[PDB]
Every structure is written in structure tokens, then in C-alpha cells.
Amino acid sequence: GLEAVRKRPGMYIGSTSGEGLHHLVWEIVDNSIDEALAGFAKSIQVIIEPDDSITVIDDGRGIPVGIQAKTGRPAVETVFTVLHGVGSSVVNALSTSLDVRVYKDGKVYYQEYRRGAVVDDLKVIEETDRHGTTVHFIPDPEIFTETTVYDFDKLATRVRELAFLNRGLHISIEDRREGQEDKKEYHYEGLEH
């Protein structure tokens, strides 16, 4: 299973250098983009947290949380724990920690993983009026031995390209790191222009 990803990350993310570090972001963001393509997500936020961890927030439908017949597990758990827009489990495997919050049907469903391994069963932690998925992950320095430090400009450049290629999408990139806080928001207009 996912243990293979931790032992041979080069086969799954191409490189364990800074390039691989940044690749993790796109492996999550691509799923939010897919949900925008499906017609449900309108806005995506990418956040570099103060500790070089990453948060991706969308306002789509939220990852399905119902038990699947084949696995006996919630769909969202399988997304992050089973090797397969199929890279979520790879990001999980290569992170010290990943937490997912699914905002759906007035409830917040929460699960966390540590180096790919489930901490506890999916749980409702809050009520909510919004919908969407929030994924937060801390890249594992055991994997990313060269660097775990994010390049804001590199991320922003691709975020801008993604906004353009997905005309109509609102997508932002934010840096919350000490002494360099910044935010750039992108939105290319559709027929309303």
C-alpha cells in the first residue's frame, strides 16, 4: 500500500527536491480544480502557513463521506489512505500529518493521518453553513531532505496560470510566514466581462 510511496517517493512525485515539495500542492489543488470543472467550486485558497505547511480550501460539494460497500469505510478516508486527481493519498503518505475537513449537509467531518496512517475514525466535529473541502498538510522532512521551504513566487506563478486556464475561477495564494506576509488573488472574467 502507501508504505511503498514513503520508501520510493521518487516514483510517485518525480523528485524529493524542492520540485517534489511543490508538486504536493498541485496534487491537492488539482482535485479542487476538478470540483470547479464539475461546476460546484467557485473559489480556491492556497495558504503557505507560518510553519511551511499548506492549506487548500475550496467551496465545492465536499468529498463524499458515506460508507462504501466495497471497503466498509467512508469514501473520504479511502481518498487519503488508498493508492490509486488520484494523488491525495500520495500527499498524505509524504506528510508528517494531514488533516481533512469536509463541510457538507450542515456538518463538519474531520479526519487526520500521520505519515499516511489514520489517527481515528471520521468524526463530526462542528456544525456549519458552508460547503467544501479543506486539506492541510505538513510535508515530511524525512522525505524532503533538501528543503521543506516553499517558494511563494513559484506557487503564485502557477496559481495565476491555473486561474487563466480555468477562466471564471477565483483562486488565491497567501503567504503567512514571518516578515513576508502576502496575498495575491486571481480571477479572469467569463461572459460577464
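Residue indices: 1-based, along the sequence shown.
Compared with other PDB entries of the same protein, residue 85 is missing from at least a third of those that resolve the residues around it. Per the record, residue 84 and residue 85 are separated by a gap of 10 or more residues from the deposited sequence that were not modelled. Of the two stretches examined, 163-171 and 63-71, the record assigns the greater average C-alpha temperature factor to 63-71. Two stretches are in play, 120-128 and 46-54, and the higher mean C-alpha B-factor belongs to 120-128. Sorting the modelled residues of the chain by their CA temperature factor places residue 77 in the middle third. Per the PDB record, residue ranking by Cα B-factor puts residue 22 in the lowest third of the chain. Among all modelled residues in this chain, the alpha-carbon of residue 142 has a temperature factor (C-alpha) in the middle third.
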